[PDB]
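Take a look at the structure below.
Just so you know, all these numbers are worked out from the coordinates, no wet-lab data involved. Methodologically, a virtual Cβ is constructed for each residue, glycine included, from the backbone with ideal geometry; neighbour enumeration extends over all protein chains shown.
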Amino acid sequence: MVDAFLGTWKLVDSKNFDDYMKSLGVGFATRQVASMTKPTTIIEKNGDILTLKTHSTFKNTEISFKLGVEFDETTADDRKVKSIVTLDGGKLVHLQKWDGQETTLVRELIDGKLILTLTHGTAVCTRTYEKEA
Ligand SMILES: CCCCCCCC/C=C\CCCCCCCCCCCC(=O)O
């Protein structure tokens, strides 16, 4: 079910990430660095447990979760959130909740590319990742 998402992925296109970060309250200097960073995202499975790594020089993250089971998460920008990841329409949907706010991180496969759509407030960011061999 999750298997076409698995592997190592490299950022190849980003649209509106500054808008998304600004909506989350990320400061200007951090948004500069982020705007020039191309993370590597690694998605692995071991039974029911998925592990999603995001690697870059200035910041790394890692989460492990079971689909459909809430987990605590501390995001790259240091929000402490309540998270759940599910499959919806073949898309891997990650919902984060904190302080009565929400943001969604939706991953969809289109023509072999992984499209990540990030929504917070009115801001909608689209980032495209391509699979490493
Ligand atoms: C873990 C790498 C995240 C992207 C590079 C961040 C470089 C600047 C370092 C710290 C600031 C964190 C900034 C924005 C974090 C917003 C929430 C996570 C966005 C994930 C985007 C992605 O996976 O492509």
Of the residues in the range 39-74, how many are surrounded by fewer than 12 Cβ atoms within 10 Å (Cβ to Cβ) and either among the acidic types (D, E) or closer than 20 Å to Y129 by Cβ (or both)? 5
Being more than 13 Å from the ligand (Cβ to nearest atom) and among the polar types (S, T, N, Q) narrows it down to one residue among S64, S56; which is it? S64
If you go through the range 21-34 one residue at a time, do you hit one that is more than 8 Å from the ligand (Cβ to nearest atom) and of a type in the set (A, V, I, L, M, F, W, C)? yes
